[PDB]
$ cat structure.txt   # compact mmCIF, C-alpha atoms and all ligand atoms
# COMPACT_ATOMS: atom_id res chain seq x y z
CA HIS A 1 -131.01 24.36 -60.90
CA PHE A 2 -131.77 24.31 -64.66
CA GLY A 3 -134.14 22.99 -67.32
CA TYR A 4 -135.00 22.81 -71.01
CA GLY A 5 -138.03 25.11 -71.08
CA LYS A 6 -138.53 28.58 -72.52
CA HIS A 7 -137.56 30.37 -69.34
CA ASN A 8 -134.82 28.11 -67.99
CA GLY A 9 -133.40 26.26 -71.00
CA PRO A 10 -129.92 26.17 -72.52
CA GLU A 11 -129.88 29.80 -73.68
CA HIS A 12 -130.19 30.87 -70.01
CA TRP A 13 -127.60 28.56 -68.46
CA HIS A 14 -124.68 30.99 -68.77
CA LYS A 15 -126.19 33.25 -66.12
CA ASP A 16 -125.64 30.63 -63.41
CA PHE A 17 -122.78 28.77 -65.14
CA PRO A 18 -120.58 31.22 -67.03
CA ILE A 19 -118.42 28.37 -68.38
CA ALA A 20 -121.37 27.81 -70.74
CA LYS A 21 -119.64 30.30 -73.03
CA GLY A 22 -116.28 28.61 -72.57
CA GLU A 23 -113.63 27.39 -75.01
CA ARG A 24 -114.36 23.66 -74.99
CA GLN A 25 -118.11 23.27 -74.69
CA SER A 26 -120.18 20.38 -75.97
CA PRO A 27 -122.01 19.19 -77.99
CA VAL A 28 -120.69 20.21 -81.40
CA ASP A 29 -121.50 19.53 -85.00
CA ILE A 30 -119.17 16.93 -86.47
CA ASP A 31 -118.25 18.08 -89.97
CA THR A 32 -117.16 14.79 -91.52
CA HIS A 33 -115.10 16.37 -94.29
CA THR A 34 -112.98 18.54 -91.99
CA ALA A 35 -112.42 15.87 -89.33
CA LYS A 36 -108.81 14.65 -89.41
CA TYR A 37 -108.04 10.98 -89.77
CA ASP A 38 -105.39 10.18 -87.16
CA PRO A 39 -103.58 6.85 -87.67
CA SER A 40 -102.03 7.20 -84.20
CA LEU A 41 -105.47 6.57 -82.62
CA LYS A 42 -105.89 3.11 -81.14
CA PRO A 43 -108.99 0.94 -81.24
CA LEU A 44 -111.33 1.36 -78.30
CA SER A 45 -111.25 -1.35 -75.66
CA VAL A 46 -114.62 -1.79 -74.02
CA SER A 47 -114.62 -4.34 -71.22
CA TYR A 48 -118.18 -4.55 -69.89
CA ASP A 49 -118.39 -8.32 -69.21
CA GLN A 50 -118.31 -7.80 -65.42
CA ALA A 51 -120.61 -4.77 -65.29
CA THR A 52 -122.86 -4.52 -62.25
CA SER A 53 -125.86 -2.29 -62.73
CA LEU A 54 -127.60 -1.16 -59.54
CA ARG A 55 -130.40 1.29 -60.05
CA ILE A 56 -132.34 3.44 -62.46
CA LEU A 57 -133.21 7.00 -61.43
CA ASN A 58 -135.29 9.86 -62.85
CA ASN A 59 -133.22 12.89 -61.84
CA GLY A 60 -135.54 15.47 -63.36
CA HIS A 61 -133.39 16.01 -66.48
CA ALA A 62 -133.06 12.44 -67.80
CA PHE A 63 -133.02 8.91 -66.42
CA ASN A 64 -129.70 7.41 -65.35
CA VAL A 65 -128.78 3.73 -65.11
CA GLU A 66 -126.15 3.57 -62.39
CA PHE A 67 -123.35 1.03 -62.00
CA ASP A 68 -121.07 -0.13 -59.20
CA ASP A 69 -117.87 1.81 -59.81
CA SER A 70 -115.97 0.79 -56.67
CA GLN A 71 -113.79 -1.64 -58.65
CA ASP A 72 -112.59 -2.07 -62.26
CA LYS A 73 -115.66 -4.07 -63.42
CA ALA A 74 -116.81 -2.13 -66.47
CA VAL A 75 -114.01 -0.10 -68.04
CA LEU A 76 -113.06 1.77 -71.15
CA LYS A 77 -109.42 1.97 -72.30
CA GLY A 78 -107.53 2.63 -75.49
CA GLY A 79 -108.71 4.92 -78.22
CA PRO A 80 -107.47 8.44 -77.43
CA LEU A 81 -107.31 7.64 -73.71
CA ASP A 82 -104.43 7.22 -71.31
CA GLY A 83 -105.27 4.90 -68.47
CA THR A 84 -108.45 3.30 -67.32
CA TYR A 85 -111.89 4.83 -67.11
CA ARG A 86 -114.69 3.27 -65.07
CA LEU A 87 -118.33 3.24 -66.11
CA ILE A 88 -120.53 5.08 -63.59
CA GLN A 89 -123.82 5.66 -65.42
CA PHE A 90 -125.52 5.96 -68.75
CA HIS A 91 -128.42 8.10 -69.83
CA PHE A 92 -130.09 9.41 -72.99
CA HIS A 93 -131.20 12.65 -74.58
CA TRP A 94 -134.22 12.58 -76.88
CA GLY A 95 -136.72 14.66 -78.76
CA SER A 96 -140.42 15.30 -78.97
CA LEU A 97 -140.27 14.17 -82.62
CA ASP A 98 -138.13 11.58 -84.41
CA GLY A 99 -136.29 14.31 -86.33
CA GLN A 100 -134.52 15.75 -83.31
CA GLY A 101 -133.16 14.69 -79.96
CA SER A 102 -129.44 14.12 -80.32
CA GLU A 103 -126.93 16.56 -78.90
CA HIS A 104 -124.11 15.98 -81.38
CA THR A 105 -124.95 16.30 -85.02
CA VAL A 106 -123.17 14.84 -88.05
CA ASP A 107 -123.00 17.25 -91.00
CA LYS A 108 -125.93 19.05 -89.31
CA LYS A 109 -128.00 15.84 -89.21
CA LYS A 110 -129.90 15.26 -85.95
CA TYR A 111 -130.75 11.79 -84.69
CA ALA A 112 -133.79 10.79 -82.61
CA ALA A 113 -131.75 10.32 -79.48
CA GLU A 114 -128.24 10.07 -78.10
CA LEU A 115 -126.90 7.65 -75.51
CA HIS A 116 -124.11 8.76 -73.17
CA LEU A 117 -122.03 6.19 -71.31
CA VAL A 118 -120.14 8.16 -68.69
CA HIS A 119 -116.76 6.97 -67.38
CA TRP A 120 -114.23 8.50 -65.01
CA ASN A 121 -110.43 8.26 -64.87
CA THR A 122 -109.42 5.99 -62.02
CA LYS A 123 -106.26 7.98 -61.35
CA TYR A 124 -108.47 10.60 -59.63
CA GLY A 125 -110.10 8.16 -57.20
CA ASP A 126 -113.71 9.25 -57.48
CA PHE A 127 -116.07 10.88 -59.93
CA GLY A 128 -116.20 14.13 -57.96
CA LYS A 129 -112.45 14.66 -58.20
CA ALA A 130 -112.35 13.54 -61.83
CA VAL A 131 -114.75 16.29 -63.02
CA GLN A 132 -112.25 18.93 -61.83
CA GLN A 133 -109.57 17.63 -64.22
CA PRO A 134 -109.14 18.19 -67.98
CA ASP A 135 -108.79 14.43 -68.60
CA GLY A 136 -111.22 13.37 -65.91
CA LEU A 137 -114.10 11.87 -67.89
CA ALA A 138 -114.60 9.89 -71.07
CA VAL A 139 -118.08 9.82 -72.51
CA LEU A 140 -119.02 7.34 -75.23
CA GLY A 141 -121.79 8.80 -77.37
CA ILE A 142 -124.01 6.61 -79.50
CA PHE A 143 -126.69 7.85 -81.88
CA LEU A 144 -130.15 6.33 -82.06
CA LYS A 145 -132.19 6.23 -85.26
CA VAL A 146 -135.75 5.02 -85.52
CA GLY A 147 -136.24 1.74 -87.40
CA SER A 148 -136.05 -1.83 -86.07
CA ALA A 149 -136.30 -2.49 -82.34
CA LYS A 150 -133.19 -2.92 -80.22
CA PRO A 151 -133.87 -6.02 -78.09
CA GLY A 152 -131.17 -5.06 -75.58
CA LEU A 153 -132.94 -1.79 -74.78
CA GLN A 154 -136.29 -3.30 -73.93
CA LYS A 155 -135.48 -4.03 -70.24
CA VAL A 156 -134.87 -0.31 -69.82
CA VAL A 157 -138.09 0.70 -71.62
CA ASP A 158 -140.19 -1.66 -69.50
CA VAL A 159 -139.11 -0.17 -66.16
CA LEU A 160 -139.77 3.46 -67.10
CA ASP A 161 -143.32 3.31 -65.77
CA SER A 162 -141.88 2.87 -62.28
CA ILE A 163 -139.75 6.06 -62.44
CA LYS A 164 -142.13 8.39 -64.20
CA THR A 165 -141.50 11.47 -62.03
CA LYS A 166 -138.47 13.31 -60.66
CA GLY A 167 -136.74 11.64 -57.73
CA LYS A 168 -138.16 8.18 -58.32
CA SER A 169 -135.73 5.28 -58.45
CA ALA A 170 -135.98 1.51 -58.89
CA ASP A 171 -133.66 -1.44 -58.45
CA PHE A 172 -132.17 -2.33 -61.81
CA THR A 173 -129.74 -5.22 -61.52
CA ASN A 174 -128.15 -7.54 -64.08
CA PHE A 175 -128.43 -5.22 -67.04
CA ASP A 176 -125.74 -5.76 -69.69
CA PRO A 177 -124.73 -2.54 -71.46
CA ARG A 178 -123.08 -4.55 -74.25
CA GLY A 179 -126.58 -4.87 -75.75
CA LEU A 180 -126.58 -1.17 -76.59
CA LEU A 181 -123.38 -1.12 -78.69
CA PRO A 182 -123.27 -1.02 -82.49
CA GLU A 183 -121.26 -3.54 -84.53
CA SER A 184 -118.42 -1.14 -85.31
CA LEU A 185 -116.45 0.88 -82.81
CA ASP A 186 -115.11 3.44 -85.32
CA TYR A 187 -115.27 6.87 -83.72
CA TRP A 188 -114.66 10.59 -83.75
CA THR A 189 -113.03 12.18 -80.70
CA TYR A 190 -112.55 15.74 -79.44
CA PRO A 191 -112.05 17.52 -76.08
CA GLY A 192 -115.24 18.98 -74.60
CA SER A 193 -117.54 19.33 -71.65
CA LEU A 194 -120.50 17.97 -69.75
CA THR A 195 -123.62 18.97 -71.66
CA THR A 196 -125.60 19.71 -68.50
CA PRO A 197 -124.70 22.04 -65.64
CA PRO A 198 -122.16 22.38 -64.22
CA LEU A 199 -120.85 22.14 -67.81
CA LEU A 200 -117.33 21.40 -66.68
CA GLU A 201 -114.65 21.06 -69.34
CA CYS A 202 -113.40 17.67 -68.26
CA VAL A 203 -114.56 15.32 -71.00
CA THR A 204 -112.83 13.41 -73.76
CA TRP A 205 -115.69 12.73 -76.12
CA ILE A 206 -115.75 9.52 -78.14
CA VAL A 207 -118.69 9.56 -80.55
CA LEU A 208 -119.34 6.35 -82.49
CA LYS A 209 -119.93 6.61 -86.24
CA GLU A 210 -122.50 3.81 -86.43
CA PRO A 211 -125.96 4.51 -84.94
CA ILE A 212 -128.09 1.89 -83.30
CA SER A 213 -131.69 1.43 -84.38
CA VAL A 214 -134.60 1.50 -81.95
CA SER A 215 -138.30 1.22 -82.72
CA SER A 216 -140.84 4.01 -82.72
CA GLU A 217 -142.56 2.28 -79.77
CA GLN A 218 -139.35 2.20 -77.76
CA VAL A 219 -138.65 5.91 -78.10
CA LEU A 220 -142.34 6.78 -77.58
CA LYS A 221 -141.98 5.36 -74.09
CA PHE A 222 -139.09 7.71 -73.28
CA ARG A 223 -141.46 10.56 -74.12
CA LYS A 224 -143.94 9.52 -71.41
CA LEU A 225 -141.55 10.39 -68.61
CA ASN A 226 -142.01 13.63 -66.58
CA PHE A 227 -139.58 16.43 -65.69
CA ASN A 228 -141.76 17.15 -62.65
CA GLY A 229 -142.13 15.45 -59.30
CA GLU A 230 -145.23 13.49 -58.34
CA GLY A 231 -148.09 15.78 -57.40
CA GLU A 232 -146.79 18.71 -59.45
CA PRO A 233 -148.16 19.84 -62.86
CA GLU A 234 -147.21 17.32 -65.57
CA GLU A 235 -144.54 18.35 -67.99
CA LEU A 236 -143.37 15.68 -70.40
CA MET A 237 -139.67 14.90 -70.46
CA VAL A 238 -138.87 15.63 -74.10
CA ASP A 239 -136.25 17.72 -75.90
CA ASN A 240 -133.71 17.37 -73.09
CA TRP A 241 -130.85 18.17 -75.44
CA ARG A 242 -128.43 21.05 -75.62
CA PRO A 243 -127.84 22.63 -79.04
CA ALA A 244 -124.47 22.50 -80.78
CA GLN A 245 -121.83 24.91 -79.47
CA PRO A 246 -118.96 26.62 -81.32
CA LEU A 247 -115.96 24.41 -82.06
CA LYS A 248 -113.53 27.30 -81.44
CA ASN A 249 -109.90 26.21 -81.28
CA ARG A 250 -110.53 22.44 -81.55
CA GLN A 251 -109.97 19.70 -84.09
CA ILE A 252 -112.16 16.65 -84.37
CA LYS A 253 -110.14 13.49 -85.07
CA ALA A 254 -111.44 10.34 -86.71
CA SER A 255 -110.24 6.78 -86.14
CA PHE A 256 -111.25 5.78 -89.66
CA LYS A 257 -111.20 7.05 -93.22
ZN ZN S 301 -125.68 13.35 -71.65
$ encode --input "structure.txt" --output "structure tokens" --more "lines below"
Ligand SMILES: [Zn+2]
Amino acid sequence: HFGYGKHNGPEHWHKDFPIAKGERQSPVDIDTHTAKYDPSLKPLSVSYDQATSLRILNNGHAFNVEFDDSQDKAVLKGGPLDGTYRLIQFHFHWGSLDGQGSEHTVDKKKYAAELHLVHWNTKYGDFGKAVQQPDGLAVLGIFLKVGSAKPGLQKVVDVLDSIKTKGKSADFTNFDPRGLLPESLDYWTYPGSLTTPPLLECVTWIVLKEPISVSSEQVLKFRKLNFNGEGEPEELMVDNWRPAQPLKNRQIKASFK
């Protein structure tokens, strides 16, 4: 399919996925001085109290924590959104060094990692239908900086040894994603795309202004994962981020001044 190496990384993706050079690709640099404050934007409503996590999976590109999305248990509403979006999975992107790893940048600043909480619009019935629609997905993006540990992340870090290689999965129940949220829900929002193939332009991005802090030891453990399957040559899962793409004909809006 695709990868992040010299011979199959983001600069090559357009050959198999021509939408890679499309009009509403992600990630982008958020220029904080040109972003438009929009007083019409509502506060985000994050209702994760009834979330049911199921499983954690190394898919060869990242690790996903998957949720039961067969009912309205963990949903995102409000903000720039119309209707109700259900949480299906979260994952991260990270670097080989603390100075890189995020996909979005803020005034060209990179963070150590970026967390993506992926939600789909319930009007379309399932995730597969939702990705074919311009308002199909909402992805909440949260930056990670290295500093103090995030206690709510530790359950994730501890299980990574069990899913080291591609295709491995493990039961992962009773995880509360509320422990990964910053104090403030102020955000930027713009229309974009998935940042991995198939790169579909179906995402309303909601990128939180406030980063969360994780410890050096926590992010070090992400870097021990493998892109490869068991029994194949070891290649460390690091730098699984796509570089910033042109903004083109889009405006970034801010919920705050
Ligand atoms: Zn992502």
$ residues_near_point --input "structure.txt" --point "(-125.8, 4.3, -84.0)" --cutoff "7 Å" --atoms "only C-alpha atoms" --output "PyMOL selection string"
chain A and resi 142-145+182+208-213
$ closest_atom_pairs --input "structure.txt" --of "chain A" --to "ligand ZN 301 (chain S)" --cutoff "9 Å" --atoms "only C-alpha atoms and all ligand atoms" --output "JSON lines"
{"residue": "A:62", "atom": "CA", "partner": "S:ZN301", "partner_atom": "ZN", "distance": 8.4}
{"residue": "A:90", "atom": "CA", "partner": "S:ZN301", "partner_atom": "ZN", "distance": 7.9}
{"residue": "A:91", "atom": "CA", "partner": "S:ZN301", "partner_atom": "ZN", "distance": 6.2}
{"residue": "A:92", "atom": "CA", "partner": "S:ZN301", "partner_atom": "ZN", "distance": 6.1}
{"residue": "A:93", "atom": "CA", "partner": "S:ZN301", "partner_atom": "ZN", "distance": 6.3}
{"residue": "A:103", "atom": "CA", "partner": "S:ZN301", "partner_atom": "ZN", "distance": 8.0}
{"residue": "A:114", "atom": "CA", "partner": "S:ZN301", "partner_atom": "ZN", "distance": 7.7}
{"residue": "A:115", "atom": "CA", "partner": "S:ZN301", "partner_atom": "ZN", "distance": 7.0}
{"residue": "A:116", "atom": "CA", "partner": "S:ZN301", "partner_atom": "ZN", "distance": 5.1}
{"residue": "A:117", "atom": "CA", "partner": "S:ZN301", "partner_atom": "ZN", "distance": 8.0}
{"residue": "A:118", "atom": "CA", "partner": "S:ZN301", "partner_atom": "ZN", "distance": 8.1}
{"residue": "A:139", "atom": "CA", "partner": "S:ZN301", "partner_atom": "ZN", "distance": 8.4}
{"residue": "A:141", "atom": "CA", "partner": "S:ZN301", "partner_atom": "ZN", "distance": 8.3}
{"residue": "A:194", "atom": "CA", "partner": "S:ZN301", "partner_atom": "ZN", "distance": 7.2}
{"residue": "A:195", "atom": "CA", "partner": "S:ZN301", "partner_atom": "ZN", "distance": 6.0}
{"residue": "A:196", "atom": "CA", "partner": "S:ZN301", "partner_atom": "ZN", "distance": 7.1}
{"residue": "A:241", "atom": "CA", "partner": "S:ZN301", "partner_atom": "ZN", "distance": 8.0}
$ closest_residue --input "structure.txt" --among "A:73, A:250, A:104, A:61" --to "residue A:236" --atoms "all atoms listed in the file"
A:61
$ closest_residue --input "structure.txt" --among "A:4, A:85, A:175, A:256" --to "residue A:126" --atoms "all atoms listed in the file"
A:85
$ atom_distance --input "structure.txt" --atom1 "atom CA of residue A:192" --atom2 "atom CA of residue A:28"
8.8 Å
$ closest_residue --input "structure.txt" --among "A:253, A:164, A:14, A:150" --to "residue A:221" --atoms "all atoms listed in the file"
A:164
$ residues_around --input "structure.txt" --residues "residue A:243" --least-positions-apart "3" --cutoff "12 Å" --atoms "all atoms listed in the file" --output "list in words"
residues 4, 9, 10, 11, 20, 25, 26, 27, 28, 29, 93, 95, 100, 101, 102, 103, 104, 105, 108, 110, 195, 196, 239, 240 and 246 of chain A
$ residues_around --input "structure.txt" --residues "residue A:188" --least-positions-apart "2" --cutoff "7 Å" --atoms "only C-alpha atoms" --output "list in words"
residues 206, 207, 208, 252, 253, 254 and 255 of chain A
$ atom_distance --input "structure.txt" --atom1 "atom CA of residue A:53" --atom2 "atom CA of residue A:156"
11.6 Å
$ residues_around --input "structure.txt" --residues "residue A:152" --least-positions-apart "6" --cutoff "9 Å" --atoms "only C-alpha atoms" --output "PyMOL selection string"
chain A and resi 175-180
$ residues_around --input "structure.txt" --residues "stretch 38-49 of chain A" --least-positions-apart "6" --cutoff "6 Å" --atoms "all atoms listed in the file" --output "PyMOL selection string"
chain A and resi 74-80+255
$ atom_distance --input "structure.txt" --atom1 "atom CA of residue A:72" --atom2 "atom CA of residue A:120"
11.0 Å
$ closest_residue --input "structure.txt" --among "A:186, A:171, A:232, A:158" --to "residue A:217" --atoms "all atoms listed in the file"
A:158
$ closest_residue --input "structure.txt" --among "A:227, A:235, A:146, A:66" --to "residue A:172" --atoms "only C-alpha atoms"
A:66
$ closest_residue --input "structure.txt" --among "A:84, A:155, A:202, A:238" --to "residue A:129" --atoms "all atoms listed in the file"
A:202
$ residues_around --input "structure.txt" --residues "residue A:15" --least-positions-apart "6" --cutoff "12 Å" --atoms "all atoms listed in the file" --output "PyMOL selection string"
chain A and resi 1-2+8-9+21+197-198
$ decode --input "structure.txt" --residues "stretch 147-186 of chain A" --atoms "N, CA and C atoms" --output "short mmCIF file (atom, residue, chain, number, x, y, z; two decimals), in the first residue's frame"
data_model
loop_
_atom_site.label_atom_id
_atom_site.label_comp_id
_atom_site.auth_asym_id
_atom_site.auth_seq_id
_atom_site.Cartn_x
_atom_site.Cartn_y
_atom_site.Cartn_z
N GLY A 147 7.30 16.96 28.29
CA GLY A 147 7.49 17.62 29.57
C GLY A 147 7.07 16.64 30.66
N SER A 148 6.06 17.02 31.44
CA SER A 148 5.49 16.14 32.46
C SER A 148 4.68 14.99 31.86
N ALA A 149 4.61 13.88 32.59
CA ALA A 149 3.88 12.72 32.12
C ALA A 149 2.39 13.01 32.10
N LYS A 150 1.69 12.35 31.17
CA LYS A 150 0.25 12.36 31.13
C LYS A 150 -0.25 11.04 31.72
N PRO A 151 -0.78 11.06 32.95
CA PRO A 151 -1.20 9.81 33.59
C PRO A 151 -2.22 9.03 32.77
N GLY A 152 -3.11 9.73 32.08
CA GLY A 152 -4.17 9.09 31.32
C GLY A 152 -3.70 8.38 30.06
N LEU A 153 -2.46 8.60 29.66
CA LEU A 153 -1.87 7.92 28.53
C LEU A 153 -1.16 6.63 28.91
N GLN A 154 -0.85 6.45 30.19
CA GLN A 154 0.02 5.36 30.56
C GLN A 154 -0.55 3.98 30.24
N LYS A 155 -1.86 3.77 30.37
CA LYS A 155 -2.47 2.48 30.01
C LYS A 155 -2.19 2.11 28.56
N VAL A 156 -2.17 3.10 27.69
CA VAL A 156 -1.83 2.87 26.29
C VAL A 156 -0.36 2.47 26.16
N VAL A 157 0.55 3.23 26.77
CA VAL A 157 1.98 2.96 26.69
C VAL A 157 2.31 1.55 27.17
N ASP A 158 1.64 1.10 28.23
CA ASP A 158 1.99 -0.18 28.83
C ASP A 158 1.64 -1.38 27.95
N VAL A 159 0.64 -1.24 27.08
CA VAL A 159 0.20 -2.36 26.25
C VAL A 159 0.98 -2.46 24.93
N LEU A 160 1.80 -1.47 24.62
CA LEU A 160 2.45 -1.43 23.32
C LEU A 160 3.38 -2.61 23.08
N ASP A 161 3.96 -3.16 24.14
CA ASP A 161 4.79 -4.34 24.01
C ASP A 161 4.05 -5.52 23.40
N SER A 162 2.74 -5.58 23.59
CA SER A 162 1.95 -6.70 23.08
C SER A 162 1.55 -6.55 21.62
N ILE A 163 1.76 -5.37 21.04
CA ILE A 163 1.39 -5.14 19.63
C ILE A 163 2.57 -4.55 18.86
N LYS A 164 3.75 -5.09 19.11
CA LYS A 164 4.95 -4.50 18.56
C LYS A 164 4.99 -4.46 17.04
N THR A 165 4.45 -5.50 16.40
CA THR A 165 4.60 -5.70 14.96
C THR A 165 3.26 -5.61 14.24
N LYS A 166 3.33 -5.37 12.94
CA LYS A 166 2.16 -5.18 12.09
C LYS A 166 1.20 -6.35 12.14
N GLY A 167 -0.08 -6.04 12.32
CA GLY A 167 -1.12 -7.06 12.39
C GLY A 167 -1.45 -7.57 13.78
N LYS A 168 -0.62 -7.25 14.77
CA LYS A 168 -0.92 -7.66 16.12
C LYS A 168 -2.00 -6.77 16.72
N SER A 169 -2.89 -7.38 17.49
CA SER A 169 -3.92 -6.70 18.22
C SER A 169 -4.07 -7.27 19.63
N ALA A 170 -4.70 -6.50 20.51
CA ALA A 170 -4.88 -6.90 21.89
C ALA A 170 -6.17 -6.31 22.43
N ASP A 171 -6.86 -7.03 23.29
CA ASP A 171 -8.05 -6.50 23.91
C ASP A 171 -7.65 -5.25 24.68
N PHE A 172 -8.49 -4.23 24.60
CA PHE A 172 -8.19 -2.97 25.27
C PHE A 172 -9.50 -2.32 25.67
N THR A 173 -10.06 -2.81 26.77
CA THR A 173 -11.36 -2.37 27.25
C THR A 173 -11.22 -1.36 28.37
N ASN A 174 -12.29 -0.59 28.57
CA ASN A 174 -12.44 0.34 29.68
C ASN A 174 -11.42 1.46 29.70
N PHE A 175 -10.97 1.86 28.52
CA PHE A 175 -10.12 3.03 28.42
C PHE A 175 -10.94 4.28 28.18
N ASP A 176 -10.65 5.33 28.95
CA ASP A 176 -11.43 6.57 28.95
C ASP A 176 -10.66 7.65 28.21
N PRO A 177 -11.12 8.00 27.00
CA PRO A 177 -10.37 8.98 26.20
C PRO A 177 -10.41 10.39 26.77
N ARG A 178 -11.26 10.64 27.76
CA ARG A 178 -11.29 11.96 28.40
C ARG A 178 -9.95 12.31 29.05
N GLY A 179 -9.16 11.29 29.40
CA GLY A 179 -7.85 11.50 30.01
C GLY A 179 -6.78 12.01 29.08
N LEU A 180 -7.12 12.16 27.81
CA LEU A 180 -6.18 12.68 26.82
C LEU A 180 -6.48 14.11 26.39
N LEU A 181 -7.52 14.71 26.94
CA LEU A 181 -7.93 16.06 26.52
C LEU A 181 -7.25 17.14 27.33
N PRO A 182 -6.90 18.26 26.69
CA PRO A 182 -6.38 19.40 27.44
C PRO A 182 -7.50 20.09 28.23
N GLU A 183 -7.13 21.10 29.01
CA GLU A 183 -8.09 21.85 29.81
C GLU A 183 -9.04 22.69 28.96
N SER A 184 -8.49 23.35 27.95
CA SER A 184 -9.27 24.20 27.08
C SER A 184 -9.62 23.50 25.80
N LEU A 185 -10.83 23.77 25.31
CA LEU A 185 -11.25 23.25 24.01
C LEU A 185 -11.29 24.32 22.90
N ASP A 186 -10.53 25.40 23.06
CA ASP A 186 -10.39 26.38 21.98
C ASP A 186 -9.74 25.71 20.79
#
